[PDB]
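Have a look at this one before I ask anything.
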Amino acid sequence: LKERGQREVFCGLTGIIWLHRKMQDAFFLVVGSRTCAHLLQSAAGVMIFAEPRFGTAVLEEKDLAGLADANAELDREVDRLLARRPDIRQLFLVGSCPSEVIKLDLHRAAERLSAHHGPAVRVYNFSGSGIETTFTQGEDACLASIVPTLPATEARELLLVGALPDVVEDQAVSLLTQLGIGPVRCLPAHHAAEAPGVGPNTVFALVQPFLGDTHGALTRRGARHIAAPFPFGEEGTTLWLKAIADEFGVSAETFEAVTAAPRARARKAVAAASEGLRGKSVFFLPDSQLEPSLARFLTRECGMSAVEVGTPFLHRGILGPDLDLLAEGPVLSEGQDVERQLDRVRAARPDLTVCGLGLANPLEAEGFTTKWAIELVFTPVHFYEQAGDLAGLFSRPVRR
Amino acid sequence: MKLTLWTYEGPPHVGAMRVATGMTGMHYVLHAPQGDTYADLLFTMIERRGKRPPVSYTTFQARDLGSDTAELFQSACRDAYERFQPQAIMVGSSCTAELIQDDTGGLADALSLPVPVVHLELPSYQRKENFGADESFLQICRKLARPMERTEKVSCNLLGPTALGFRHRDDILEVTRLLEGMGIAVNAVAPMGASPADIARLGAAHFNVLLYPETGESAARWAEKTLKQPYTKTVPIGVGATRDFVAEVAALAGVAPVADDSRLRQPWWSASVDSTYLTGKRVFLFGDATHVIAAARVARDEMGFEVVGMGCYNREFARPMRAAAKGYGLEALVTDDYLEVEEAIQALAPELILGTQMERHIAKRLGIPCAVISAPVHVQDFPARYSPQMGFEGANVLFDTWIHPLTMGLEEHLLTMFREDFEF
Amino acid sequence: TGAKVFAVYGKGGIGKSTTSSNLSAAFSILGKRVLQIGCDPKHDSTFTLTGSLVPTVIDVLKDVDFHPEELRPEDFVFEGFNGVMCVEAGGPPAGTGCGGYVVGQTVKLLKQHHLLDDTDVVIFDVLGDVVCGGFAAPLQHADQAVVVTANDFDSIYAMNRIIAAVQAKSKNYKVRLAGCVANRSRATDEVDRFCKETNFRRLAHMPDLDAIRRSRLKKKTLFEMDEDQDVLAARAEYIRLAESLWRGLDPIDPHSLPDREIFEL
Amino acid sequence: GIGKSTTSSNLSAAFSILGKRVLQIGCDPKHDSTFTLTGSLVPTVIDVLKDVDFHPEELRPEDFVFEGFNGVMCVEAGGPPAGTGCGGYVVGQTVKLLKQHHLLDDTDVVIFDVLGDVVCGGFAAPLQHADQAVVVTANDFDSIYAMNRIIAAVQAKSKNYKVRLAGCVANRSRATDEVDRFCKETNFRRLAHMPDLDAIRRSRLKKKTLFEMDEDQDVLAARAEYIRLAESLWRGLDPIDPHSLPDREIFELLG
Ligand code: PMR
Ligand code: SF4
Ligand SMILES: [Cu+2]
């Protein structure tokens, strides 16, 4: 739904920036052209300067006018890199726009590399091109790549399917064990040691909103989805914890006792950040798909009137839980071309104008106080203890 | 195929985008995949250019991989004409549409837009952004700049400055000050502040001036024949280069070589007794070819630094680079990866390495004093403060920026020396 | 394209080199910007134009790591008489591979450095003696394919060979055989009649073998620097050639005659 | 370039007389080099490909051997049928393919007299077989440069075949002395082979060459020279120290 227009979202490879942070024993070999190489170089920023696992093998002209030579050469370069990087145990080949158009057999390449490399390096392939994906969707694809490989466990386990920082995922696990049993197995494994036992009865806890196809891939293994509004505020977090609890079985008393300290911990912080957001117009442009959750939280807690919650990729079975808390007032429009929502912003002037980084500076110069959603994925604001920090981040009431 | 981690240069369409964003009112419409708009971030943040860069990517997806891409481009051009009303418009493709041939120029002609359209042929797999920029500039000069009457006053065009360029914005101001000081009036700076009207007026000058040969040599060479316009070779970075440049444009125009150097403090501030530890320090210059060559002419001739290394990443400019490397007794490192230069400085261990952002970062990783002189930079290196790199004030800027790492090093060395001795 | 991309084909060392150079000087006299490309591996095509041997593109190209970017104009392209740009392609020194890889690289070089944009006349002095993928490698970019031949039936057989080759290449291109040019041969009665059976246009020439003594009169071509009596008639002939090519003439189309039909006497 | 009519016959007709009759498969797609030993141009040369897109009757059982005056019984070759193909179809795949298509097993001796315009810069199997005859050159600045290229080839074909070489005849169109100094620089041989009344009298050359027309070597005695070159004495020696020169030194003459 771009009306044949400029969809500002990034190609899925930008998700690799934080994925490599999550799975610290995983390398990501991207076969993109110099454009995709420049994208990784830029969007990663300071990542490049500390030996990042961001192989951006550029396919040059010799890789053109030839197919078997290309993936044979790819095999060669991979072997070279594990020679330089023996520590890596899972290599993440990723499909790029150049890789898609030249019809590179990324799956077959990953297969032969795994075969000659063995279980010591379980090289995996997925797709993160802009021809198919859009920013965060890359993380979806990357975790979906490991989903079939993960050990099959028919026992009732919980899956922490999300790349939240340690100071977030550890807190989530601690709370869940505090009220529930917590057979929590984080799907984005910190190391290959913590291989999660995905299975039929291993119901998976979805915690990052942008994860769409993830749902499908995990449900193929039988892993069911909890209809829990996304843990991103006094409503999303509380509802998510509640639903996760009753899914495994937790008394209301135990839930209240466990979440009593976090509840008061975050209520004061969110209020102390909300007065900068008290009664103003918002506008979510389709950058990264957290906007529905952000509207579910901020509109109802900090009193930010919801004008339009744009979304590049709308979902019905995943977004529904937090969709229920969403008011009908905001326009649920999907991700249009930049001109459309830009003109909407100009017409219905919003106080806060959350959008992509590319429009952030112009609309900032165009009299729109802007907060870029790009900051959201890196800054650890996806649980109870950081709900106030999220509100402070959204606040941004800079005066001159 | 080669595993790249930090490409010194973006793809060439980034260079064309730099030229388009530099000048006013020329919409560089693109046949690019959905997501390739990442380049807009560079101009909107690192250059902090307010308005969105005047570029309209078609942003095609899995839905669009056939003739629908051609229809996308058709729309993109007609839209861009009406919505983003230009006086001149570019066409071209990124890597994806380079492979999925769509006859960009043919599409543009199919619209037959009243404003001139500049067909851009940009090989996006064997060349880089410096090329891309030079090629784009050349194509728009041959499409818009036609020979015309010389301005009655002696006048010159600065060619080379380009949006998202290392202190280009300040350097135009400095060179303009110097040229007016001699008496030469600047006819039209292109392509950093020019307009298609200005590119039309290009021919009216008496002689082009090459500030940045990387983005301007092709334009100047074409102007030499089409517009009968000589172009000066000596980029004026540093005191000595400034003197040569002053004399050169003086000869070219016909005006006396008087240039006001009352703001020159570097000859005095480096000849001072304070700057005596700087003599015979080892330096590793890396980065843009012209910047590196002039920085070497400063380091070995006005500062007393001993050049122990030298290297470049502009393969296009390897020949003058190698010539200068012989000039200083060294061997030029005409490479394009950080591994080679990293190994080079590790073997060399110069006191003050300086160059691209990578040079600074792997200086820090190696704990070596670090400065910045070349093109690839981040938002910090793009300053708000007036910091040209050419002219006399450019010489002073070079001085301070280069010895700041040295002063930091000396002061920290002292502080560790002091308050610290054998316990017993 | 953006210029009259001529192709001087036909046989080796008999006219084609001298014909190409003197035609270049003719178009220089006409004033149109001229480009002579010495694709012939003798590295001798432009010698008369510059008065000196030119370092071939292959030489400088190998002087760098086969990187065209390092090279620049005025390093591999050299000027000649009447300000005519002229390049040379150095045929491979038996490096197997492709025998026209160098001429293809020269085309790439000129197009890259925009030498092949402003110029109006481009006469590809390509070796016409042999028929191999590489000799017709720049024939693609060609638009009028001028063939030069002598009265000798060996030269005429070669001429027929050229027709066959260029018809095969033009089966996929709009390049036209501009006309069979005799090369200082004397009586063209045979040549004109052979052209008649092929229906080919027998472009007129200057018959004398000694308008130049040799080496184009010590590198000084007829138009370049020459004031002999027969030089004047030849100069008129070559101006006739130049105007004929520049205006454009009938789309003559020779049918490839079998060798037996060619006078085998 | 040279017609080689004055050579392909008047080198080894006395050899064909001496040993087994030569087959004389000299590359001349103009039908102008080998035919002089035969009675005429004989354009047929079994150019018809009787086998479907293959050499007739696979290995043709010596069904061509056009007879000649001085025990020729040979065949001729030369044709540009394919035309197109860079290193794979025309000069890359010569229509003759291997010479083994013709019964070398039965016609052991063969005379190669290729034109020598450094053809087939790709395919490098032909123009180098046999041990009796090699590329014949002549006397002309372009000719000397071209046969210098032929040298550079055979030096690059040193590992190829048996590098038979043994020298080459510099067909002396006239008394030019440049060939002598040039060969001295290349440490080669030039001797003497004058073509006269051969290209202009071809009505008589078509059937019998100069050493057998009316005994035209009666005033142009050069067959004893060939009895030194060909036949009994063979000029084996060394391969007359071939040494190809690059472009600048092949410009030893004003050229
Ligand atoms: C692809 C272009 C681009 C550039 C220029 C970078 C680096 C950088 N991006 Mg933002 N960034 C781009 C995109 C993205 N950035 C990324 C990273 C990053 C962060 C965490 C931050 C940011 C920002 C910037 C900036 C300006 C501030 C900075 O250098 O940190 C650069 C050059 C900066 C910000 O948005 O404003 C304060 C900030 O704190 N980006 C990510 C998220 C994975 C992507 C997709
Ligand atoms: S056809 Fe020509 S270019 Fe191709 S390999 Fe043979 S000689 Fe070389
Ligand atoms: Cu500091």
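One-based numbering along the chain as shown.
A Cβ is built for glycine as well, from the same backbone N, Cα and C atoms used for every other residue.
The ATP binding site annotation in Swiss-Prot covers C:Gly13, C:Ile14, C:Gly15, C:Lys16, C:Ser17, C:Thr18, C:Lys42, C:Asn183, C:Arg184, C:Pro207, C:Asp208, C:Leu209. Residues annotated as Mg(2+) binding site in Swiss-Prot, with experimental evidence given as evidence: C:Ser17. The [4Fe-4S] cluster binding site feature in Swiss-Prot is assigned to C:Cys98, C:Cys132; the stated evidence is experimental evidence.
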Name, in the order they occur in the sequence, the residues of the same chain whose CB lies under 8 A from the CB of C:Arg184 (ATP binding site) and which sit 6 or more residues away.
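When sequence neighbours closer than 6 are ignored, C:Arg184 (ATP binding site) has C:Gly15, C:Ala150, C:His205, C:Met206, C:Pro207, C:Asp208, C:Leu209, C:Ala211 within Cβ distance under 8 Å.
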Give the distance between the Cα atoms of C:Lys42 (ATP binding site) and C:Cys98 ([4Fe-4S] cluster binding site), rounded to the nearest whole Å.
16
What's the CA to CA span in angstrom from C:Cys132 ([4Fe-4S] cluster binding site) over to C:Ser17 (ATP binding site)?
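Given the Cα positions, C:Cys132 ([4Fe-4S] cluster binding site) is 19 Å from C:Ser17 (ATP binding site).
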Does any of C:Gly13, C:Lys42, C:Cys132 have a Cβ within less than 6 Å of an atom of ligand 1? These are the binding-site residues; tell me which, or none.
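Once distances to ligand 1 are taken from each Cβ, none falls under 6 Å.
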At the Cα level, what's the spacing in Å between C:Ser17 (ATP binding site) and C:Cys98 ([4Fe-4S] cluster binding site), rounded?
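So the alpha carbons of C:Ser17 (ATP binding site) and C:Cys98 ([4Fe-4S] cluster binding site) sit roughly 22 Å from each other.
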Do you know which of the binding-site residues C:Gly15, C:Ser17, C:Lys42, C:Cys132, C:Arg184, C:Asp208 end up with C-beta under 6 Å from ligand 2?
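Only C:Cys132 meet the Cβ criterion.
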Cα distance, C:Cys98 ([4Fe-4S] cluster binding site) to C:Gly13 (ATP binding site), nearest Å?
22
With CB distance below 8 Å as the criterion, list the binding-site residues among C:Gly13, C:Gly15, C:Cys132 that sit near chain D.
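Near chain D: C:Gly13, C:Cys132.
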Would you mind listing, in sequence order, the residues at least six apart from C:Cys98 ([4Fe-4S] cluster binding site) in the same chain with a Cβ closer than 8 Å to its Cβ?
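Non-local contacts for C:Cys98 ([4Fe-4S] cluster binding site): C:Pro92, C:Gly104, C:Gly133, C:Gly134, C:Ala137.
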Hey, of the binding-site residues listed (C:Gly13, C:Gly15), which one tops the CB count within 10 A?
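For the binding-site residues C:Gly13, C:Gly15, the Cβ with the most other Cβ atoms within 10 Å is C:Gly15.
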Would you measure the largest Cα separation among C:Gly13, C:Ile14, C:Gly15, C:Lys16, C:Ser17, C:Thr18, C:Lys42, C:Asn183, C:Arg184, C:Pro207, C:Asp208, C:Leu209 for the ATP site and round it to whole Å?
25
Of C:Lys42, C:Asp208, the binding-site residues given in the record, which has the fewest other CB atoms within 10 A of its CB?
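Ranked by other Cβ atoms within 10 Å, the binding-site residues C:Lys42, C:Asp208 bottom out at C:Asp208.
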